[PDB]
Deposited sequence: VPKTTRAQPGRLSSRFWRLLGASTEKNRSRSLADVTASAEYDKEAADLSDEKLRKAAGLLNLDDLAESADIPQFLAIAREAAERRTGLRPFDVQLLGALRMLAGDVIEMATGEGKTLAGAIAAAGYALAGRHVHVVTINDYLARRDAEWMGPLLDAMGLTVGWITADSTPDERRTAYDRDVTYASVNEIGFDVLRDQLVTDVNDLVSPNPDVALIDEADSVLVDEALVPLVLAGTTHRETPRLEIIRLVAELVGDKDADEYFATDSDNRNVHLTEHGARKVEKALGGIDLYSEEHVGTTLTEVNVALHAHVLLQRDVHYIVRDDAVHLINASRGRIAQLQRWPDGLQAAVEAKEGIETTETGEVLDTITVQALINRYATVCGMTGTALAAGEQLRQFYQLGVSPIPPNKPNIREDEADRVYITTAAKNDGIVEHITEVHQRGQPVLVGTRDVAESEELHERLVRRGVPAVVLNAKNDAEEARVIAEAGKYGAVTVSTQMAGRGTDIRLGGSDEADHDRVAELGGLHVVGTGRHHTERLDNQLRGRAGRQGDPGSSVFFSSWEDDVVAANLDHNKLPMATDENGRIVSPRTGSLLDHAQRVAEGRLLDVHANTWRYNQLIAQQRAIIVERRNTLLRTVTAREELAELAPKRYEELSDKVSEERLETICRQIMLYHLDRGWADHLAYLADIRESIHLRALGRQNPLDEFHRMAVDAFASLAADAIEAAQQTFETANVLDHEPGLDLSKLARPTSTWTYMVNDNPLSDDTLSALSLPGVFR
């Protein structure tokens, strides 16, 4: 950041020239820049100057030397520490240009669908003025709309979509449908959240897995009377019951005069009959299956589970299996150069270096932040804290001063709404359902008598200005002391405390912040000794001893180290899974480039040579061979994840929470995978001998509902 600072001051030489340039010559000037050596390069001050001019010409806001050092430090592959109000959007977009002008293909990971579309339409003109093209991706945007957006020099999309696109590509039956592009440059917004907090969080691809009610009935009608219609095998008492001739003809006529043994019924009506009989006859509700909930268990052979489920009658569906999965961390490590920015970066520096091989470059502010931070107000009971929370807010509100309140949950922040409104305080809650609305609300959060209630991750990315979305109320709201942030308890990590605090002293304007903790709070609880805490109370519950900051701070530093120990022990598992997906996606690609047909034609090929002389088309044969090839690979790996997850749970439970290194997971996942590819070519071969419906994606969140 020492050479970079000099590279920012050098750009002054060109401010006169750039200002004299016509929109046309400016786009050509940028187009004539040698930045293949990224940040360090010769044409760097010239760029910073063109970036500054293009910005003032398009957007209007003349960038600061701090907003250029942010972008410049990002060009040098660092995660920057830039505060709220410092121009995170414009810094990243100037940074993105630098990378795109250098011939690269930038991905601007917003980790929010609203912010993605917003920042692409905001930055778009600036980049347009620089000959670069901007695209954006929402959940709704079609596969053609994705290809167009990905085609652009700079692409704005959430970590979920970028991920979901890598996953949805595992439903592709032909190359021309494939969406996701080669991951080159990742410029991550709010690097802190995405890379540290949400890293372990997996992105999943689930897909839906029906016999005759007419047959399950005919079989129940068959067993009911004095039967000699079915012959239950004795060559093994537990072996599949065969059908008698008398019984078959009952079934043959009951279904209106069909032959069970004709090609039309052989592998269909008969298997339906055979499966149903087995379940009805061989298995009974005593040491065979049992119920408990609304499902059948085993004290499954293809189609039997559902046949047992239709005998007892507990008719169920909604079974959605993991077809494919990837985690945030693994998806991010696929990029050649990862980049980023966040208000709170330093406090993660270790984990970013440890897992992403990324440094942190803290950027100073434009104007020194003069926000007043009060030490945590501590209470004995949780109710005593909640008590003081109301009385503080009311005193803050009555003066006029706007208030912002941070919470752990919805029901947590729900309880406060009722408590505040009843006391006279006009509040507003921010339930995570409408990001666009949340944003239109929060822009008016710095208004006279405004009282905004929010959870931990709500209203993110939208600046709270004084007097609403830019108003002359500023002068009044500044006199009152700016925005007043109120924490209703400390988070698992201090980064999140300072995120909230961060929303108040933007652009050297006044601001205030307070946190409310209690010896009853989940954080303190178990992660500290109860006996070691001050007990001395107030008439209103506040701990008398000011010696509280350090005992709370420590409690957190413990909880952080505990979560890091989980992250380290879990990534070790997630890494091997990823390494295997790498092997599966590799052979999935070669299979979408006609290797498939030559695989069968050289695998004995007694039927392939008969599917070439009596063929429909050898061109359609390549499309035929890949249906069977891919199917088995996709079905083979979807089953491996079903193993890996059951083996994972039958480890977590078989330890309760001892936090002991497994390694049982590794050796097993390795051995189970070893015989995957070899089994998939054989299982495909066996299907040539016999001459998905509704899939969705999701980000695995917490454990509530």
- Item | Missing CA stretches, deposited numbering from 1, N-terminus first | 1 to 27, 237 to 239, 330 to 341, 734 to 749, 764 to 778
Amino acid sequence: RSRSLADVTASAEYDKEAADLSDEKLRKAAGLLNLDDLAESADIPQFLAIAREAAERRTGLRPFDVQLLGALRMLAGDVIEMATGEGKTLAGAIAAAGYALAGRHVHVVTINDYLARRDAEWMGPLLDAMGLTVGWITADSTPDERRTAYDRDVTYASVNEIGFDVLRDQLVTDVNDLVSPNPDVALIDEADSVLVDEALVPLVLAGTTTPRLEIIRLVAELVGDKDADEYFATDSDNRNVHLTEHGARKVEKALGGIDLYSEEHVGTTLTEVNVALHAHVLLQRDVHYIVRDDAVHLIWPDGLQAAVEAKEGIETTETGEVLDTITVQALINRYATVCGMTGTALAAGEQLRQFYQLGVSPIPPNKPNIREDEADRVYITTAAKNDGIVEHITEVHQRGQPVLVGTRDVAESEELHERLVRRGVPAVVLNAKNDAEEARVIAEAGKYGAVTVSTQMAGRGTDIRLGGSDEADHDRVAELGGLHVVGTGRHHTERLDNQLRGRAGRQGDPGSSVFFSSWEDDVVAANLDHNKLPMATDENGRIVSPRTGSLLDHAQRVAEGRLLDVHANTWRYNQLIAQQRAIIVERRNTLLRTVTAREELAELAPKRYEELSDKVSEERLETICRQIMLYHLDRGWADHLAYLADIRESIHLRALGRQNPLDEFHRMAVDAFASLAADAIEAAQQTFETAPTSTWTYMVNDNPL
From here on, numbers count along this sequence of modelled residues.
- Note on the structure: Comparing 674 to 682 with 26 to 34, the higher average Cα temperature factor in the PDB entry belongs to 674 to 682
- Item | Greater mean Cα temperature factor according to the PDB record, 444 to 452 or 235 to 243 | 235 to 243
- Task: Choose from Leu203, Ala597, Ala345, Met123 the residue with the greatest Cα B-factor as stated in the PDB record.
- Result: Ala597
- Task: Tell me, please, which of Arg620, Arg73, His107, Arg547 has the highest C-alpha B factor according to the deposited entry?
- Result: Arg620
- What third of its chain, lowest, middle or highest, does the C-alpha temperature factor of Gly92 fall into? lowest
- Message: Ranking the modelled residues of this chain by C-alpha B-factor as given in the entry, is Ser650 in the lowest, middle or highest third?
- Response: middle
- Mind checking which third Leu483 falls in for C-alpha B-factor across the chain? lowest
- Chain-wide C-alpha B factor ranking for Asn531, given as lowest, middle or highest third: highest
- By the entry's values, the third containing the CA B factor of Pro402 is the lowest
